[PDB]
Amino acid sequence: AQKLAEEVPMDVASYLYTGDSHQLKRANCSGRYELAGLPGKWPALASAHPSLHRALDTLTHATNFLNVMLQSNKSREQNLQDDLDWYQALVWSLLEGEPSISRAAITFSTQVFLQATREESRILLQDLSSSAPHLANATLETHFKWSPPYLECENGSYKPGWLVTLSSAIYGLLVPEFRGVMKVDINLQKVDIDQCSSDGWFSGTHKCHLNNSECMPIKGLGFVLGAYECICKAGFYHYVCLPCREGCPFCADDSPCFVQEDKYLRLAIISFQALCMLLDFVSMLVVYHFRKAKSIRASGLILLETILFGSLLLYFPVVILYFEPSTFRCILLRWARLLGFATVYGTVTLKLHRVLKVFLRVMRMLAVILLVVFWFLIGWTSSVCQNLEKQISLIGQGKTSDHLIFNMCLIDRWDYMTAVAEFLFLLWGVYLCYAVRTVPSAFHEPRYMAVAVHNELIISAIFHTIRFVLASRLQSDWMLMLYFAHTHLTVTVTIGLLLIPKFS
Amino acid sequence: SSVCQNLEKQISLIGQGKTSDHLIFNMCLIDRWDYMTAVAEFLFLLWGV
């Protein structure tokens, strides 16, 4: 409607859309404009500047004045002596009242009329029909007469200004009739208009509807189009308002907000991780086949398969942290860590305790610490889920280093003291191995395990250290190498020292 | 540690009251930890028994 309604006035669209001197400084008009529909629905001073009210006020004052005056009894029609002076001074003061009332006429015949227009400072006035006086439209009516914006031209180029008129028909004086027509016209061209108003002058926000849309319009200049600036709300800007590439505002570009990946790297990483877990399972089967010469008695078949189930319980964290951080990730992480940890190293150290008694009842020591670890997962798990899944803190976090973003599983002071557990439960065995210093068998099994223990203490301490130190400025790739590296190092090691000799 | 490093000042507290019908009463209170505490005491003395 409004869009198709723009193909209305040729050599005026510069005066309409640009509101420009192309249709004004040089464009043959030979006709005044007409807002009888080029306005809003009708605004009728319901969508009003105050100036409308001021104009109507002076109008109605003069209207009542002349009506009651003409309603004076015995209407003489005495236009001879001085009544002409009264009407002349009246129209002078009239057009002198409004600084933007350009021309105005007043006719009274119960063809000739008084008129005046602002030349520079005086009311260029003469007893001749001018400004406005529509006896024709008053007879057609046979209230006041609203009017239309215009242009300073009837058979000429439309000069500066677009003229909106106010007009009325002089009610006569014991009945009434049409006895005159008085009307003025003011410049409806320096009149601020609103394309994005809720209701205004034919407000159409046809530049920013929804697509990250806001209209932050150009408020008051005058009767000019293209005066409704729009804003591109939280996305890109290339009359283009666009989204972001992601839920990541400040999209001066539509660039991405995440780290660059190294997928090809990650494939082989995971494959090699499966390699080690394959070796784990495989060697468990190796055990359950070849169980009948020295190793079987000195080293429990049971206790071996314990350790391997440990390693297979253990290697998960890697395959985890290739995948994305959901909160359900982090918890499995804590699960696998502590379970593989205790389940292996308990049996390890207990063998040595038994050795030490031979110097001078296994599982009824081990199931204890497995118990305590069960308890722990439960306690901490519930204390985060039931009471912190929703309320206060967030675990899976989108943390940013510098330009980019990355998700990750986060920490808590809990896992600090957990690492410290690792410290001490090894350090026991370390005391153990040290003072048990010279003690025989055809294996140097104690030297083997003691090696494991010194290894893991120093090195798993380090791994936990270099994760907790600077996690808040990590990418999601350097970390993975860390996990891969330390777990392969220490634990493939601590497999091999036990398994290697027990073939040859 | 959980208290003294996270929820000391930031978001939560313990000095805390509820109401019977429309009247006030403050106290300390609980979370899941005291639950697990109890269950440990239980099992410990079970072994003793």
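The table below lists the values:
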| item | result |
| --- | --- |
| Chain A - mean residue ellipticity at 222 nm from DSSP helices (-39,500 (n - 2.57) per run, n ≥ 4, rounded to 500) | -14500 deg cm²/dmol |
| Inter-site label distance for A:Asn137 and B:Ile11 at 7 Å from Cα along Cβ, in nm | 6.9 nm |
| Sequence of B:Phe42, A:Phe463 once ranked by neighbouring C-beta atoms within 10 Å, starting from the fewest | B:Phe42, A:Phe463 |
| Under the Karplus curve 6.51 cos²θ - 1.76 cosθ + 1.60, θ = phi - 60°, whole-Hz ³J(HN,Hα) for region A:228-238, x wherever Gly or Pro sits | 9, 4, 10, 10, 8, 7, 6, x, 8, 9, 6 |
| Cα→Cβ-extended label distance, 7 Å offset, between A:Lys233 and A:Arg76, nm | 7.0 nm |
| Dipole magnitude (debye, nearest 20) for region A:362-466, charges at Cβ of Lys, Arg, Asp, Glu | 220 debye |
| Neighbour net charge for A:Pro256 - beta-carbon separation under 10 angstrom, K R +1, D E -1 | -2 |
| Too-long pairs where the Cα-Cα distance tops 19 Å, listed order kept, from A:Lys233/A:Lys390; A:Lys3/A:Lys41; A:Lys3/A:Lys207; A:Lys294/A:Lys351; A:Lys145/A:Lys183; A:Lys25/A:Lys159 | A:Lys233/A:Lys390 |
| Cβ-derived FRET efficiency at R0 25 Å, A:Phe281 paired with A:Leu333, nearest 0.05 | 0.70 |
| Residue-wise HN-Hα coupling along region A:496-504, computed from phi with Karplus coefficients 6.51, -1.76, 1.60 (Hz; x: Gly, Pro) | x, 4, 7, 8, 2, x, 7, 10, 9 |
| Net dipole in debye of region A:1-89 [+1 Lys, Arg Cβ; -1 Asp, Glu Cβ; about Cα centre; nearest 20] | 180 debye |
| Options A:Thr306, A:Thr327, A:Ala234, ranked by Cα towards positive dipole end of region A:226-344, top entry (Cβ charges) | A:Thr306 |
| Net dipole in debye of chain A [+1 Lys, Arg Cβ; -1 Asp, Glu Cβ; about Cα centre; nearest 20] | 4440 debye |
| Separation of alpha-carbon centers, region A:145-189 and region A:312-369, rounded to whole Å | 97 Å |
| Rel. contact order, % - alpha carbon contacts under 8 angstrom, at least six apart, chain B | 21 percent |
| Positive-end residue of A:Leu432, A:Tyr315, A:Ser14, charge dipole of chain A with Cβ unit charges | A:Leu432 |
| Spin-label model distance (nm) - A:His403 vs A:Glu98, 7 Å beyond Cα toward Cβ | 6.1 nm |
| Residues of type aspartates and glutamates that B:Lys18 reaches as a straight line, Cα spacing below 18 Å, ignoring anything fewer than 8 places off in the same chain | B:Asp31 |
| Environment charge of A:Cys196, counting only residues whose C-beta is closer than 15 Å and scoring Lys/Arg +1, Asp/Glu -1 | -2 |
| Zero-based 10 Å bins, Cα pair distances in region A:217-343, whole percents | 10, 21, 19, 14, 10, 9, 7, 5, 2, 1, 0 |
| Value of Rg to Rh for chain A (Rh from inverse mean 1/r over Cα pairs, i.e. Kirkwood) | 1.47 |
| Within-15-Å neighbourhood charge of A:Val282 [Cβ basis; K, R +1; D, E -1] | -1 |
| Inverse mean reciprocal Cα-Cα distance (Kirkwood Rh) of region A:431-504, Å | 14.3 Å |
| Backbone N within region A:367-398 under 17 Å of label point (7 Å from B:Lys18 Cα along the Cβ vector) | A:387 |
| Cβ-based charge dipole, region A:90-204, positive-most Cα from A:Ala138, A:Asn187, A:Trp162 | A:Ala138 |
| Relative contact order computed over region A:270-341 (Cα-Cα under 8 Å; 6+ residues apart), in percent | 36 percent |
| Virtual paramagnetic centre 7 Å along Cα→Cβ of A:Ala252, amide N under 18 Å, in region A:209-240 | A:232-238 |
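Every read-out reported here was derived from the displayed coordinates using simple, explicitly stated rules and does not represent laboratory data. FYI the Cβ positions are ideal-geometry reconstructions off the backbone, even for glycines, and counts take in every protein chain you see.
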